[PDB]
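Structure first, then comments.
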Amino acid sequence: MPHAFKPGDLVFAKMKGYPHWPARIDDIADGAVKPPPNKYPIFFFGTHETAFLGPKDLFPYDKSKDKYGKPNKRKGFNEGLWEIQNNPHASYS
């Protein structure tokens, strides 16, 4: 049965006006800005952007890839698919 989300979890993350997007839950580094309460720091593969999202916008990768893991015209999306599949836990700084 499911746990709460934890850093390292792989997801598709949903933001207004974009398709469900390959992403991961990030750690917060020592010294870095913390998210608001009830929000997780989300790192979007491909774009390499961070936003703060709550669970309603986070779909577990394994369950969702057959629906959401298809090529997309959007900038950075296909790069994003390669990353989540091939090196989802790398440094992309």
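Following the order of the structure tokens, chains are lettered A, B, ..., residues in each are numbered from 1, and ligands are numbered from 1.
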
message = At a cut-off of 8 Å, using only C-alpha atoms, what residues contact stretch 56-73 of chain A? Leave out same-chain residues fewer than 6 positions from it and give the result as a list in words.
response =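 Once the nearby chain positions are removed, what remains is residues 9, 10, 11, 12, 13, 14, 15, 20, 21, 22 and 81 of chain A.
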
key: residue A:54 surroundings by only C-alpha atoms, 7 Å radius, close-in-sequence under 6 positions cut, as a ChimeraX atom specification   = /A:38-40

query = chain A: which residues are helix (DSSP H, G or I) by DSSP, as a list in words?
reply =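 Residues of chain A classed as helix (DSSP H, G or I): residues 55, 56, 57, 61, 62, 63, 64, 65, 66, 67, 68, 77, 78, 79, 80, 81, 82, 83, 84, 85 and 86 of chain A.
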
ask   = Excluding same-chain residues fewer than 6 positions from residue A:76, what lies within 8 Å of it counting only C-alpha atoms, as a PyMOL selection string?
value = chain A and resi 45-47

task = Have a look at atom CA of residue A:29 and atom CA of residue A:4 and let me know their distance in Å, one decimal.
result =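 Computing the Euclidean distance for atom CA of residue A:29 and atom CA of residue A:4 yields 19.9 Å.
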
ask   = So which one's closest to residue A:8, A:30, A:80, A:91, A:48? Using only C-alpha atoms, please.
value =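 Of the candidates, the smallest distance to residue A:8 is held by A:91.
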
query = Taking only C-alpha atoms into account, which of A:53, A:23, A:5, A:92 comes nearest residue A:37?
reply = A:53

message = Which of chain A end up as strand (DSSP E) when DSSP is run on this backbone - answer as a ChimeraX atom specification?
response = /A:10-13,21-25,40-44,50-53,58-60

ask   = Interatomic distance between atom CA of residue A:88 and atom CA of residue A:24?
value =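 Rounded to one decimal, the two atoms are 7.6 Å apart.
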
inquiry  = Using Å and a single decimal, report how far atom CA of residue A:27 sits from atom CA of residue A:74.
reply    =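 According to the coordinates, atom CA of residue A:74 and atom CA of residue A:27 are separated by 26.3 Å.
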
ask   = Taking only C-alpha atoms into account, which of A:3, A:33, A:85, A:75 comes nearest residue A:55?
value = A:3

key: Shell of 9 Å around residue A:52, only C-alpha atoms, local chain residues under 5 positions omitted, as a ChimeraX atom specification   = /A:35-36,39-43

Restricting the output to C-alpha atoms, write the selected residues as a compact mmCIF listing (two decimals), in the first residue's frame.
# COMPACT_ATOMS: atom_id res chain seq x y z
CA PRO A 35 8.88 24.93 -0.11
CA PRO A 36 5.59 26.20 1.44
CA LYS A 39 4.14 21.43 -0.97
CA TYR A 40 7.00 19.34 -2.41
CA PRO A 41 9.91 20.69 -4.51
CA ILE A 42 9.40 19.22 -7.96
CA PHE A 43 12.27 18.96 -10.45
